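Below you'll find the structure, written out as structure tokens, and then a few comments.
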Amino acid sequence: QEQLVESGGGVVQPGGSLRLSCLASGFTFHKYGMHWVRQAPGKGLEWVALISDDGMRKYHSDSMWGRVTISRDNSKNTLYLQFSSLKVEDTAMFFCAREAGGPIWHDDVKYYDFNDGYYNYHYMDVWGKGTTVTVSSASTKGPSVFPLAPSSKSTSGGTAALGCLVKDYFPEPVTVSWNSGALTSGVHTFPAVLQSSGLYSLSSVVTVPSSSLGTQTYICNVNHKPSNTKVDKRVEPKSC
Amino acid sequence: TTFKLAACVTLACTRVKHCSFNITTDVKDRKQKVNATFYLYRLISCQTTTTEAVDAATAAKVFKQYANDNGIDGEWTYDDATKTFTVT
Amino acid sequence: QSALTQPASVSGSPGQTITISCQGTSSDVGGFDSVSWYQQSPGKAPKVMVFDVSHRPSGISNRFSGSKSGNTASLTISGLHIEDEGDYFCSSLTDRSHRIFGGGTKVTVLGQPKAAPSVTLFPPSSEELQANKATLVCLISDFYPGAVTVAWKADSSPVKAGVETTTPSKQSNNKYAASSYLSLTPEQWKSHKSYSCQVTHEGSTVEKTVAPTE
Ligand SMILES: *[C@@H]1O[C@H](CO)[C@@H](O[C@@H]2O[C@H](CO)[C@@H](O[C@@H]3O[C@H](CO[C@H]4O[C@H](CO[C@H]5O[C@H](CO)[C@@H](O)[C@H](O)[C@@H]5O)[C@@H](O)[C@H](O[C@H]5O[C@H](CO)[C@@H](O)[C@H](O)[C@@H]5O)[C@@H]4O)[C@@H](O)[C@H](O[C@H]4O[C@H](CO)[C@@H](O)[C@H](O)[C@@H]4O[C@@H]4O[C@H](CO)[C@@H](O[C@@H]5O[C@H](CO[C@]6(C(=O)O)C[C@H](O)[C@@H](NC(C)=O)[C@H]([C@H](O)[C@H](O)CO)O6)[C@H](O)[C@H](O)[C@H]5O)[C@H](O)[C@H]4NC(C)=O)[C@@H]3O)[C@H](O)[C@H]2NC(C)=O)[C@H](O)[C@H]1NC(C)=O
Ligand SMILES: *[C@@H]1O[C@H](CO)[C@@H](O[C@@H]2O[C@H](CO)[C@@H](O[C@@H]3O[C@H](CO[C@H]4O[C@H](CO[C@H]5O[C@H](CO)[C@@H](O)[C@H](O)[C@@H]5O)[C@@H](O)[C@H](O[C@H]5O[C@H](CO)[C@@H](O)[C@H](O)[C@@H]5O)[C@@H]4O)[C@@H](O)[C@H](O[C@H]4O[C@H](CO)[C@@H](O)[C@H](O)[C@@H]4O)[C@@H]3O)[C@H](O)[C@H]2NC(C)=O)[C@H](O)[C@H]1NC(C)=O
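Residue numbers (the working numbering), protein chains in the order written: chain A, 1 to 240; chain B, 1 to 88; chain C, 1 to 214.
Below is the structure:
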């Protein structure tokens, strides 16, 4: 029942420090090397560090060297990752993964490494759920909501698109609804995008019939609990 | 009639010489790498014994029923001139 | 430290054969027979599909196979099932005993008609302008498969800075939508004659334009 469970993830400020941990079970921990792999929001997997079964040999990627230290405590089946001098850019999901390994077979005889240790098989055969690390300079702050006046969507077919621009808030999340949830059809709220300020912004749009404009009211309800902000913005057609 | 058996293992080295090799560690089927030194080139270490028999069959037996009583196996070379078998 | 190179996106019908390549160097992919491929399903953790170039772990379907040549490796899935959908990452041992992953490939198992994206470009709202700010919003919607690249232009010139784009996400009608933003100062906005949002989907481009006018 090989299982890995990371924890310790959270918000830190750039230049600061933080320690992650990975609790292992379902296998003999001290017989296997262990990896850390990160995945930045919407980006790919990136190898961070590897530590040998006995914790005497460590390896860190060139891109994070100086900001990470891998370690382990085999007496309590735990893998650690110590951060320092963190960069805003280091924001990512961090995964705990096991290095596959064992003996090397030549004929019917199993060959083990020094101290009867496993050789590496050079692939990761067990992974954890991952824990999120957020590096930000931002203080908790409420959003500014601007309207995106309706604009022709379907050239023909008689549809327009309008929405709300919710910008510069921290931390996540923000909830958005239309006409107090009475309007659901054609509604879509996009994931949040992170600016270099460390603040979040998102958009919520809805597709509606061009014919209904001027006779139908459209209000978005933005609510940011972290700052106890609630805002309702009327989105209406613009003049010129 | 008495024949010979050379049992050999592989070695790698480099006064002081450093070397490493694989060895049986409790069980025939399991080996493990090990370091050793004294006070880079391939090498071979050999121990020799001689069980007495009558033909090159019974010898082949006792020499296989000895690699049995130990974690020995591998390739077997035979020089008739010196009646020498060589496991490795 | 630069990732292995993979195609951003590929797709095929159920039962179709497809291949993903993994370009590397003699210090990694071309230096060892230690290339592994991982699949990442939405929500789930990564999972090995192939290791040592062309070997499969117990449980993996024979549909998956890999090969290598020089500094490039490849994963082939001969007969897509719906559960093959997800992101795929190649990985290689390095000559420094590190690991390096590829940039990742989005694999779509076509389950509905392909659709080109409809693009709506919103000019800066009057309210935001009064607040001394300016954001151009490019709404990209109703496209399939769910993979696009976006590019902004001020007049004829391309624009790199001040851009931020979301990862495509599924709508309630099972097509994909995405959003792109361009930040400007109220002056830049009124300095150029127009701005443009260019979206590329399955190799085909769709563009919208807006000009400072009232
Ligand atoms: C048994 O016996 C044996 C023998 O004796 C052993 O083993 C051993 O061990 C030892 C130790 O322990 C070691 O030593 C080492 O060495 C090295 C070198 O070497 C190499 O090369 C070689 C070559 O040779 C030659 O010759 C020969 C003949 O004779 C031939 O063969 C060849 O070819 C040539 O010609 C070799 O030999 C080797 O090999 C090996 O290995 C491999 C792999 O790799 C394999 O394949 C093989 O098989 C083998 O095994 C090798 O290769 C050197 O280099 C080193 O040095 C270092 O260290 C030290 C200490 O220890 C010191 O002192 C010095 O100083 C150095 O330091 C360094 O420094 C630098 C600067 O300059 C730096 O850099 C940096 O880095 C950073 C990062 O950091 C790191 C991370 O990542 O974090 C840290 C960590 O810690 C690490 N780790 C390790 C593990 O290492 C890492 C790594 O390094 C990386 O990652 C890699 O990739 O990192 C950044 O990056 C920056 O940027 C930079 O700058 C660094 O850091 C440092 N390091 C440290 C560590 O500290 C040494 O000396 C040797 O090698 C061995 N040998 C052998 C044979 O092996 C054993 O032990 C025994 N056993 C028993 C158990 O008993
Ligand atoms: C005692 O037993 C041990 C174990 O059997 C034995 O160690 C072997 O020694 C031989 C001879 O020196 C080594 O042969 C060399 O191999 C070099 C390349 O090694 C790399 O690639 C290996 C192959 O990997 C493939 O297959 C394996 C499964 O077998 C798989 O996991 C891989 O993913 C891949 O598919 C690989 O096993 C090996 O792994 C070691 O190193 C990695 C780090 O790189 C580490 O993570 C592992 O844990 C492990 O330590 C390694 O990655 C090869 O370049 C070299 O070629 C030289 O010689 C040829 C001529 O033959 C020249 O033409 C050429 O220019 C080179 O000079 C050579 O073939 C073999 O790699 C060792 N095996 C192991 C497990 O380390 C000892 O020799 C035994 N001792 C004695 C004295 O008997």
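Beta carbons are placed, not taken as given, at the ideal position from N, Cα and C, and that holds for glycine.
Below-8 Å beta-carbon distance, residue i vs any chain A residue
i: residue 88 of chain B; result: no
i: residue 125 of chain C; result: yes
i: residue 188 of chain C; result: no
i: residue 56 of chain C; result: no
i: residue 181 of chain C; result: yes
i: residue 199 of chain C; result: no
i: residue 118 of chain C; result: yes
i: residue 93 of chain C; result: yes
i: residue 206 of chain C; result: no
i: residue 3 of chain C; result: yes
i: residue 99 of chain C; result: yes
i: residue 66 of chain C; result: no
Segment limits, alpha helix (DSSP H) that includes residue i
i: residue 189 of chain C; result: 186-189
i: residue 130 of chain C; result: 126-130
i: residue 63 of chain B; result: 58-64
Residue range of the beta strand (DSSP E) that includes residue i
i: residue 148 of chain A; result: 144-152
i: residue 95 of chain A; result: 92-102
i: residue 237 of chain C; result: In the structure displayed, chain C extends from 1 to 214; residue 237 of chain C sits before or after that span and is not available.
i: residue 120 of chain C; result: 118-122
i: residue 21 of chain B; result: 18-24
i: residue 87 of chain A; result: Element bounds for residue 87 of chain A: n/a, residue is neither H nor E.
i: residue 215 of chain A; result: Unbroken run through residue 215 of chain A: none, as it is neither H nor E.
i: residue 110 of chain A; result: 109-112
i: residue 12 of chain B; result: 4-12
Among the options, nearest to residue i - alpha-carbon criterion
i: residue 313 of chain A; options: C:45, C:143, C:8; result: With chain A covering only 1 through 240, there is no way to say anything about residue 313 of chain A.
i: residue 2 of chain C; options: C:203, C:91, C:20, C:183; result: C:91
i: residue 71 of chain C; options: C:31, C:141, C:16; result: C:31
i: residue 139 of chain A; options: A:226, A:41, A:27; result: A:226
i: residue 193 of chain C; options: C:126, C:201, C:209; result: C:209
i: residue 79 of chain B; options: B:56, B:43, B:64; result: B:56
i: residue 80 of chain C; options: C:207, C:22, C:111, C:135; result: C:111
i: residue 216 of chain A; options: A:200, A:5, A:136, A:235; result: A:235
i: residue 148 of chain C; options: C:115, C:173, C:187; result: C:115
i: residue 30 of chain B; options: B:16, B:71, B:52; result: B:71
i: residue 16 of chain B; options: B:88, B:37, B:2, B:22; result: B:37
i: residue 158 of chain A; options: A:144, A:115, A:211; result: A:211
Proximity test, Cβ basis, 8 Å: residue i and chain C
i: residue 2 of chain A; result: no
i: residue 21 of chain A; result: no
i: residue 214 of chain A; result: no
i: residue 36 of chain A; result: no
i: residue 142 of chain A; result: no
i: residue 250 of chain A; result: In the structure as shown, chain A starts at 1 and stops at 240, and residue 250 of chain A therefore has no counterpart that could be examined.
i: residue 205 of chain A; result: yes
i: residue 195 of chain A; result: yes
i: residue 59 of chain A; result: yes
Residue-level contact to chain E via CB, residue i, 8 Å cutoff
i: residue 46 of chain A; result: Of the protein chains in this structure, namely A, B and C, none is chain E.
Worksheet entry | Selection of the segment 10-36 of chain B by Cβ proximity to chain A, strictly under 8 Å | The segment 10-36 of chain B vs chain A, Cβ under 8 Å: 22, 25, 28, 29, 30, 31, 32, 33, 34, 35.
Worksheet item: Are the segment 39-55 of chain A and the segment 64-78 of chain A in contact at 8 Å, needing three or more beta carbon pairs?
Response: The segment 39-55 of chain A vs the segment 64-78 of chain A: in contact.
Discussion item. Along the segment 105-119 of chain A, where does the CB come closer than 7 Å to a CB of chain B? Name the residues.
Written reply: Residues of the segment 105-119 of chain A that bring their beta carbon within less than 7 Å of a beta carbon in chain B comprise 108, 109, 110, 111, 112, 113, 114, 116, in sequence order.
Practice prompt. Select from the segment 158-185 of chain C all residues with a C-beta closer than 7 Å to any C-beta belonging to chain A, and list them in chain order.
Written response: Of all residues in the segment 158-185 of chain C, the ones placed with a Cβ closer than 7 Å to any Cβ belonging to chain A are 164, 166, 167, 169, 171, 177, 179, 181, in chain order.
Worksheet item: Does the pairing of the segment 115-132 of chain A with the segment 92-99 of chain A give three or more beta-carbon distances under 8 Å?
Response: Yes: at least three Cβ pairs fall under 8 Å.
Worksheet item: Is there contact here, the segment 162-176 of chain A with the segment 141-152 of chain C, by at least three beta-carbon pairs under 8 Å?
Response: Verdict: no, contact absent.
Fill in: Contact set between the segment 64-92 of chain A and chain C, restricted to residues whose Cβ is under 9 Å from the partner
Listed by position, the residues of the segment 64-92 of chain A near chain C (Cβ gap below 9 Å) amount to none.
Item to complete: Could you name the residues of the segment 19-52 of chain C whose beta carbon sits closer than 8 Å to any beta carbon of chain A, in the order they occur along the chain?
Response: Here the close residues are 32, 34, 36, 38, 40, 45, 46, 47, 48, 51, 52.
Worksheet item: According to a CB-to-CB cut-off of less than 8 Å, which residues of the segment 125-137 of chain A neighbour chain C?
Response: Within the segment 125-137 of chain A, those residues whose Cβ lies closer than 8 Å to any Cβ of chain C are, in chain order, 125, 127, 128, 129, 130.
Discussion item. Tell me whether the segment 36-45 of chain B and the segment 10-28 of chain B touch, counting them as touching only if at least three CB pairs, one residue from each stretch, are closer than 8 Å.
Written reply: The answer is yes - the segment 10-28 of chain B touches the segment 36-45 of chain B, with three or more Cβ pairs under 8 Å.
Discussion item. Quick check: the segment 96-108 of chain C against the segment 157-165 of chain C, are at least 3 beta-carbon pairs closer than 8 Å?
Written reply: Here the segment 157-165 of chain C does not lie against the segment 96-108 of chain C, with fewer than 3 beta-carbon pairs under 8 Å apart.
Discussion item. Does the contact criterion of 3 or more C-beta pairs under 8 Å hold for the segment 129-147 of chain C versus the segment 157-167 of chain A?
Written reply: By the Cβ criterion, the segment 129-147 of chain C is in contact with the segment 157-167 of chain A, since at least three pairs of Cβ atoms, one from each stretch, lie closer than 8 Å.
Worksheet entry | Given 8 Å, three or more beta-carbon pairs between the segment 75-82 of chain A and the segment 103-123 of chain A | Flag = no, the segment 75-82 of chain A and the segment 103-123 of chain A do not touch.
Item to complete: Please name the residues in the segment 73-90 of chain C whose beta-carbon is closer than 7 Å to at least one beta-carbon of chain A, in chain order.
Response: Those residues of the segment 73-90 of chain C placed with their C-beta closer than 7 Å to a C-beta in chain A are 89, ordered along the chain.
Worksheet item: Between the segment 131-142 of chain C and chain A, which residues of the former have CB atoms less than 9 Å from a CB of the latter, in chain order?
Response: Within the segment 131-142 of chain C, the qualifying residues are 131, 133, 135, 137, 139, 141, 142.
Worksheet item: Are at least three pairs of beta-carbons, each pair with one atom in the segment 181-190 of chain A and one in the segment 170-187 of chain C, less than 8 Å apart?
Response: Two segments are said to touch when three or more pairs of C-beta atoms, one from each, lie closer than 8 Å; by this definition the segment 181-190 of chain A touches the segment 170-187 of chain C.
Discussion item. To be precise: take each residue of the segment 218-231 of chain A, compare its Cβ to all Cβ atoms of chain C, and keep it if any distance is under 9 Å. Which residues remain?
Written reply: Under the 9 Å Cβ criterion, the segment 218-231 of chain A contributes no residue.
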